Every structure is written in C-alpha cells, then in structure tokens.
Amino acid sequence: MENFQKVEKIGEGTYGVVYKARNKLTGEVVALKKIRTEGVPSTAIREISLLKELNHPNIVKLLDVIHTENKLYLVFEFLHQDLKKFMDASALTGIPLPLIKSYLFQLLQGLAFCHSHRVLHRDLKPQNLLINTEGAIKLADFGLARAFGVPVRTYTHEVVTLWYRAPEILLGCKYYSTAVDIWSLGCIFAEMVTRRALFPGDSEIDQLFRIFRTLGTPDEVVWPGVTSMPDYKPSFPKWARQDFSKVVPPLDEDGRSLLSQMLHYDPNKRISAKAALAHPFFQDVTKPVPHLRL
Ligand SMILES: Nc1nc(N)nc(-c2cc(F)ccc2O)n1
C-alpha cells in the first residue's frame with residue numbers, strides 16, 4: 001500500500017489477511033487487515049466505522065476504516081504477539097496460573113465493555129487475543145462478524161477453526177447473544193490451563209459431539225428448547241456428562257466452578273462477563289509480567 005510498507009505478513013483470520021506495516025509518513029507501526037468482491041455493503045462500513053469509537057484497555061484500538069478499490073482496510077494499533085503463539089511457546093512449562101488468571105480477568109473486562117455497548121465478537125480464539133510486554137491482553141476483531149456475514153471458509157481456501165464455537169451456533173440458531181463470547185472464552189481458559197484445546201473438532205458434527213461427550217448430550221432439562229433448534233436431531237447419541245474434575249486438572253475448585261458457569265449449555269444460564277468478574281476465582285487476581293520472546 002502506497003501509504004505504508006508491508007513489514008511482514010502478520011497472519012490470516014476468518015475475514016482477511018493481516019499485515020504489520022509502518023505509516024511511511026508518521027512512522028507509526030500498525031496492523032493492517034485487508035478485507036476480501038464487487039458489492040461491498042455500505043451498511044457494513046457504517047457499522048465498522050462505529051467501532052472506531054470503542055475505547056477500552058482490553059480492546060485492540062481500531063484506528064481507521066478505509067474503503068478503496070473494492071478492498072476494505074482496517075487499521076489497528078499493533079501488538080507483538082497473539083495468545084496462540086504464546087501458549088505454544090509456553091507449552092513445556094505452562095502459563096503460570098497467576099498470569100492465566102490475569103489474562104482471563106482482563107478478557108472478561110474487555111467483553112463486559114463490548115457487551116454493554118451491544119457489540120459481540122462471535123469468533124473469539126487464541127489468534128484473536130493479543131498480548132504485550134506489560135502484562136496486558138486485548139481482544140481484536142470485535143463486531144466485524146455482525147457487520148459482515150460468514151464465508152464458507154475464510155477468503156481463500158483455509159480451514160476455519162470451530163474449536164471455540166458455542167453449541168447454539170453449531171445447532172443452527174439464527175440469533176446470537178453475548179453468551180457465545182463467554183463460551184469461546186471458557187474454551188480458551190481451559191486451554192491455557194491444560195495446554196490442550198478443550199474441544200478440537202475437525203468438522204461441525206465432530207465439534208458438537210466432542211462437546212456432548214464431555215458435558216453430556218443436552219436435553220430439555222438443562223437446556224429448554226434445545227430439541228427445537230434448527231440442526232438438532234433426535235438421533236444424536238446420548239452421552240453422560242463427564243465428572244468436571246477430569247476436564248481441566250489440576251485447576252482448583254474456584255477455577256472449575258467459574259469454567260462450569262461459562263460452559264453452561266443454555267445461553268441464558270451461561271454467566272455474563274460482568275458476573276464472572278465478581279466470581280471468587282478473581283479474589284486474588286494480580287497483573288504479572290509475562291516472559292515474552294519477540
Ligand atoms: N497474528 C497476529 N500477530 C500479531 N503480532 N498481531 C496481530 C494483530 C491482529 C489484529 F487484528 C490487530 C492488531 C494486531 O497486532 N495478529
């Protein structure tokens with residue numbers, strides 16, 4: 001891009017390719033996302049444009065929205081490392097519990113803020129969570145999903161990750177609620193703790209069944225209305241719920257209790273980000289400095 005200089009290709013998300021770039025004129029280093037195409041809804045640019053007004057310490061700042069030559073560019077403040085990379089780098093020893101707790105607390109503050117502003121993420125995953133050297137963690141790509149839709153993959157033949165998708169989405173619900181983000185974050189919390197994805201599905205049905213094998217096949221008792229969901233099939237196998245202490249060992253009972261509330265089947269029973277911030281698990285929360293190798 002004439003105004004910048006692709007330092008490097010950062011990565012690839014469900015909505016587009018991300019680049020690290022320096023504003024040739026201002027020298028500011030930013031993350032530039034290119035949205036993939038002759039229509040380009042004008043209702044979306046307005047939607048996205050409103051996101052520039054979102055300012056919170058745990059939300060990656062959206063600096064600009066540029067529509068040109070069919071291409072759409074989102075300019076974000078740049079952070080050096082995503083959580084997926086950090087988890088991989090910390091796989092041998094594991095992320096210390098105090099840091100896991102700090103990150104979870106911060107992410108809930110970010111979700112509490114967005115949700116109070118009626119903004120949902122809808123596609124949270126480790127790759128969408130960014131960290132810096134001072135111990136902060138921030139959510140990136142909030143609200144893009146709503147202003148947009150949902151491509152078959154990403155944009156150019158790439159396996160979209162289903163591991164963090166809430167059951168109501170997998171069952172075909174047409175209306176999403178803030179609960180979908182709490183579910184994704186619970187899946188991420190578990191993954192930081194055990195160092196293994198909680199529900200690593202390789203297909204939509206495998207994703208759903210992995211959830212059922214662990215949390216039990218949902219029924220009308222625990223989830224009123226589940227048997228009427230669009231993709232619910234009476235033929236789903238009926239698996240018994242697993243003892244919860246086997247899911248995220250060796251997490252303590254405060255942590256297991258909070259996780260269980262973030263993973264309730266019924267979106268209406270699932271804990272809100274604000275209520276989660278008050279959970280006893282955070283009574284001793286601190287803000288540790290991570291060991292980041294950049
Ligand atoms: N994979 C990756 N890696 C890194 N380092 N950064 C980012 C990044 C993504 C955004 F959407 C906004 C800002 C960012 O910095 N993404």
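Atom set for the values below is all heavy atoms of this structure, side chains included, hydrogens, waters and symmetry mates excluded. One-based numbering, in listed order, for ligands and for the atoms of each. The residues of the chain are indexed from 1 along the displayed sequence.
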Would you list the pairs meeting side-chain hydrogen bond (donor to acceptor under 3.5 Å, both in side chains) in which at least one residue belongs to residues 29-45, sequence neighbours left out?
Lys33-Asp141, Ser42-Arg46

The ring-ring contact (aromatic ring centres under 6.0 Å, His included) partners of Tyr155 (sequence neighbours excluded) come to none

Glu220 atom CD, neighbour heavy-atom count above 12 within 6.0 Å
yes

Paired with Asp181, the side-chain contact (heavy atoms from CB on, under 4.5 Å) test is passed by just one of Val119, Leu107, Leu120, namely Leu120

Strictly under 4.0 angstrom, heavy-atom based: which residues surround ligand 1?
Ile10, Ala31, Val60, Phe76, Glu77, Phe78, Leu79, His80, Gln81, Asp82, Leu130, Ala140, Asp141

When you check the gap from the basic side-chain N to the acidic O, do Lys238 and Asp219 get nearer than 4.0 Å?
no

Co-members of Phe78 in a cluster of I, L, V, M, F, W and Y side chains, linked at under 4.5 Å:
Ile10, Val18, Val29

